[PDB]
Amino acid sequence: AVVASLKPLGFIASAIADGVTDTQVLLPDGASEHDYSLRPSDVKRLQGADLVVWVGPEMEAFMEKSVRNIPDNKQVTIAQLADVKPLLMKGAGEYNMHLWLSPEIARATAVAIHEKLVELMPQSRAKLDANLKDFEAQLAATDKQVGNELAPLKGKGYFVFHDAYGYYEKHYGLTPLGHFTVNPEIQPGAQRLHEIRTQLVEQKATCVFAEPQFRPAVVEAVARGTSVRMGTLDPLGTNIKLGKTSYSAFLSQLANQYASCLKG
């Protein structure tokens, strides 16, 4: 099986491995993309894998140690790929490691998976070549479709709670105004909330975007009194099944999520 750290990396793997081997995802829905605790049985799955796919030690810190014992012909470390380096985005002294939100990095990931699976399973070269073909065709078609869906929303300002979507935003020309540090469970105290609400109004935000783990109460406490619309973005596509068309569905779903709140 191909074992991916995170569900959207599973989407990409499952396109290339389709009908060749299963793909499995380690990280549960709602668990920490950084600090999940791998169980002994996750380690075994990693070591048993035909191929391990992950972003790298600056994202899934939780698997760094476990993947040391695994040869390089059996792992794709996306942040270390030659074709990814120039696409890695540094800002305010930090690199964005949410690489599965970049269509171009997703394409280099698919290419790297394809290349490793072909060396490992030459008896399936043709199916794997066909799978990479279908993945790229669907990615091109989705890119253009999403591009057109989000083109008319340039200039609609918004804030997010998790500044994780920059690859997708910079690629499709979206206009985020900035981000608020907000606990998903506990709303901010009156002072900082006051500041947030006035920024929402001052900078003329159309929307504020939370993620599925935020309690609605906390999101409402933020948007209350402003007339800024509330949105939800799922950067992990927890509602999408693995499968050949899944990465494209993921990109399109995310487009819909944005468009839905920003549309006017």
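Numbers for residues come from their place in the sequence shown, where the first is 1.
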{"item": "Higher-scoring stretch by recorded Cα B factor average, 43 to 51 or 60 to 68", "value": "60 to 68"}
{"item": "114 to 122 versus 186 to 194 - greater average Cα B-factor per the deposited record", "value": "186 to 194"}
{"item": "Per the PDB entry, maximal CA B factor within 26, 31, 230, 236", "value": "230"}
{"item": "Third of the chain's Cα B-factor distribution that residue 177 belongs to, per the entry", "value": "highest"}
{"item": "Chain thirds of CA B-factor: placement of residue 154", "value": "highest"}
{"item": "Residue 104 - Cα temperature factor, lowest/middle/highest third of chain", "value": "lowest"}
{"item": "Third of the chain's Cα B-factor distribution that residue 92 belongs to, per the entry", "value": "highest"}
{"item": "Ranked C-alpha temperature factor of residue 134 among modelled chain residues, by third", "value": "lowest"}
